[PDB]
Structure formats: structure tokens, C-alpha cells
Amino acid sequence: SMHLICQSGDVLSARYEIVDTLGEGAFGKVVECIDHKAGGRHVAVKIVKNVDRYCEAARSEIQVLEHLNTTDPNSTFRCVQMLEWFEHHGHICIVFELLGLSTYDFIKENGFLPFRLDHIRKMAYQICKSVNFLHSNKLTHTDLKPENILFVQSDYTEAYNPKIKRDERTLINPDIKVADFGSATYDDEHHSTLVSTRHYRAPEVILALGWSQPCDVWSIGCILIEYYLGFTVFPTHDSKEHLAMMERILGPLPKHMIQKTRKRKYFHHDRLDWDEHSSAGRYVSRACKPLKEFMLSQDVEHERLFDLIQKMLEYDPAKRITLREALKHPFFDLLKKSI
């Protein structure tokens, strides 16, 4: 399938000439192309793996992007713009505007160093604005992560930082768009039990208590921590271990969530079925600690970021801050000071 249809100099749909690879995943591959029928404009083309699950996701993504791009033709709310779609050797191919590196790939190529706070503020504001627009449209993204947040243009300057003894890349312009609408779900359509990538998954999702727009707010909180530290505070590939890290970082789960959950496999009576002295138990207590102990400074702007993160990681999904409320949080006041 994929390896065999996607090399430099291939022309797709009689107009798109491949010149470079932008990204690969289990989903397929994104290539950079010259569009010979739009005056040589460069575009991105996603070539989707010919596998039921990713075929079904691509067809759902095309329907979501047609709606979102028509509703917001000026891209005021910063969703990726889809130009068209076609089929190539029976693979679904989606054409987009050409953007820059994903926030994940930038962090990777910067030796997993974090962003400076001023970029995190601008990036956080734009992400909340974009995903609030989806929420206004009775949609939930469900899979927000640093790989799905794209820079518009990833040009950088580089200098030695003697503070950390590391060469460091800084963006010229940190402006972002949101991508990857393949899992996005309307209020009135069927809700899968399993949504989100492990490290960004909300507690109501893990405990199968029903989910909606607030599971996107949890994901965004986890994204801001990774932007701030350069690593996840949930380094795990196990549902119960994840819950144990949550309790160490954020405090005990609310009693009403433990007693409603059908996920009895995680629990012994009314508490997590957890051995603090096992291999996983030792790891969790070495690797995890109270959230505010991860702060790198006590400056007020650091306190303002950590107050927003704490609100976004409220366990109860009704109590949890909405993105409409988040855009008014004091961390963003610096962005709104007169021009």
C-alpha cells in the first residue's frame, strides 16, 4: 500500500507533483506538492492508509472540514483549510494549505527543550479560541495533542543559552492552526468509549462516565504542561497507572466518580487497586509529585499559567472551566494590554 505510491516526482490527480515528505504516522503520510493548476502554489497532501478505521476517519474529516471551512471562510478561528480531496490507486488523498512544523516536531528538533512563557501565552490563547469555535458548532475534537497543533511558519533564530548550557531555537512567529478532525464528533452522534491519545485522556473518558466538550479542555491542560516542561507529567502506557499518577499530581479522585463508574477493574472497594511497593508503584512515586512543584519560577506570570492549568485539570467535567471562561483568565491579560 503506502510505501509504493508516494515518491518525489510522482504527479497526483494530474496536477500535484511531490517534492518532499512532511510527516508519517499509522494514519499514512503527508507530502509537500507543487500544484501545476494553481500557478505552482505549494500544498500539503495527506495520503491515508487503506485500512477501514483510517478510511472511515478521513471520510469524517472531509465532512467536518467542509462544514468548518464554509462556516469560517476567512479562517478567523485558525482551523486548517482543506482545498479538495481525490483518490490515488484507491487511497483517499486530502489537499490542505501548506503550514510549518507541528509543535511536537519543533520541540523534537530543539532537543526536547520547552517554549519560553511569552510564546506559550500566545499559543495557549489561539488554541482555546480555535477549539472554542468547534465547541460553538456542537463538535468535540477528542484527540488534541502537540502533533495536531501546527505552526503557520516555523522559521527560527538559534543561540547558545549559557544558563542551561544548551543551543536553543526560538520561533520568529509562534502563530498556530488546529488540524486532524478525523475523530471529531457532533453532540447528537454516537460517542466511542475510547477517545484521545493516552497522555491527553480525561478521567471521565478512562472511567467511561460519558464525555463531551470538557474532555478537550483536559487535553489542552496536558498540552500546556508539555509546552512548559518539554515532557509529559503522565509518562505511562497503562490506564490504572495513569489514574495513580493523577492522584499523586492532582489529589484523590472525587468519591462520586469512583462509585458511579462501571470500570470496577481499577478499584478495590472505594479506592484505586494500587500497590505503592510494586514496580509500577515505585516508578509513579519517583516520577510524580504535586503539580505546583513542577514550576520553574514563582514570578506571578508563572502563577497565572499554573492557576489556568489547575482549572483545566478539574476532575469533575461539569465544574471544569469552559474555553469561553479560559479566554477571560488573567494569564491572557498581557495579550489584551493596549497596542
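All residue numbers refer to positions in the sequence shown, first residue = 1.
(request) Look up the CA B-factors in the entry and say which stretch, 162 to 170 or 78 to 86, has the higher mean. (result) According to the entry, 162 to 170 carries the higher average C-alpha B-factor.
(message) Quick check: 91 to 99 versus 259 to 267, which has the larger average CA B-factor in the record?
(response) Taking the mean C-alpha B-factor of 259 to 267 and of 91 to 99, the larger value falls to 259 to 267.
(message) Just to confirm, going by the entry's C-alpha B-factors, which of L296, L68, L313, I62 comes out highest?
(response) Max CA B-factor in the entry, restricted to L296, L68, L313, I62: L296.
(request) For the C-alpha B-factor as written in the entry, point me to the maximum among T140, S219, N148, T193. (result) That would be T193.
(message) Please place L22 in the lowest, middle or highest third of its chain according to the CA B-factor in the PDB entry.
(response) Middle third - that is where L22 ends up once the chain's C-alpha B-factors are sorted.
(request) Can you work out whether the C-alpha temperature factor of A287 puts it in the lowest, middle or highest third of the chain? (result) According to the entry, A287 has a C-alpha B-factor in the chain's highest third.
(message) Considering every modelled residue of the chain and its Cα B-factor in the PDB entry, is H42 in the lowest, middle or highest third?
(response) Lowest third, going by the recorded CA B-factors of the chain.
(message) What third of the chain does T197 rank in for C-alpha temperature factor, lowest, middle or highest?
(response) Ranked within chain, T197 CA B lands in the highest tercile.
(request) Comparing against every modelled residue in the chain, figure out the third that the C-alpha B-factor of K108 lands in (lowest, middle or highest). (result) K108: CA B-factor falls in the middle third of its chain.
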